[PDB]
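# Summary of structural features
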Amino acid sequence: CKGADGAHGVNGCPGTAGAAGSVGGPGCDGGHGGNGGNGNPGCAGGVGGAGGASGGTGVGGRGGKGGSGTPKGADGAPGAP
């Protein structure tokens, strides 16, 4: 089982941030961070959301993938174990 994933960011100016993944419930893995939105020309891309921390399993969610833009967003941190 796993926590909910964070909402992806959406395209714009700038592309919006992906949401952090949800913590795992007790006994569950972390949810994945949302990806960042992409930027229109001249606009920044959004950061990926952090992965959610695990609910005791040691498996955090993945950080989201940063969105393309000017400049591109960073990927999110992985969730804590």
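Okay, so let's go over this structure.

## Section: unusual backbone geometry
The phi torsion of most residues other than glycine is negative, and most of the peptide bonds are trans. Cis peptide bonds are those with omega within 30 degrees of zero, and the linkage from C13 to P14 qualifies with 0°. The step from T70 to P71 runs through a cis peptide bond, and the omega angle for that step is 0°.

## Some details on the state of the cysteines
According to the stated counting rule, one finds two disulfides in the structure shown. Across a sulfur-sulfur distance of 2.1 Å, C1 and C28 are joined as a disulfide pair. Here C1 and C28 share a disulfide; its torsion about the S-S bond, -90°, makes the bridge left-handed. On the basis of relative accessibility, which here comes to 10%, the residue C28 falls in the buried class. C13 shares a disulfide with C43; S-S distance 2.1 Å. Taking the torsion about the sulfur-sulfur bond, which here is approximately -85°, the covalent link between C13 and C43 counts as left-handed. Look at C13 and you get exposed, because its relative accessible area is 58%.

## A look at the pattern of salt bridges
In a structure, side chains of opposite charge can pair up when their charged atoms sit close to one another. Enumeration over the complete set of coordinates arrives at two salt bridges. Where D5 meets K2, a salt bridge forms, and the shortest distance between an N and an O atom there is 2.7 Å. Between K65 and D75 there is a salt bridge, and its shortest N-O distance comes to 2.9 Å. On the accessibility criterion, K65 (38% relative accessible area) is partly exposed. When its relative accessible area of 44% is taken as the criterion, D75 is described as partly exposed.

Definitions and cut-offs
Residues numbered from 1 in each chain as written, not as in the entry; some residues may be left out. Heavy atoms only, no water. Residues with missing side-chain atoms left out of burial classes, pairs and counts. Disulfide = S-S within 2.5 Å. Buried < 20%, exposed > 50% of the residue type's maximum accessible area, 1.4 Å probe, protein only. Salt bridge = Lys/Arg side-chain N within 4 Å of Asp/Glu carboxyl O.

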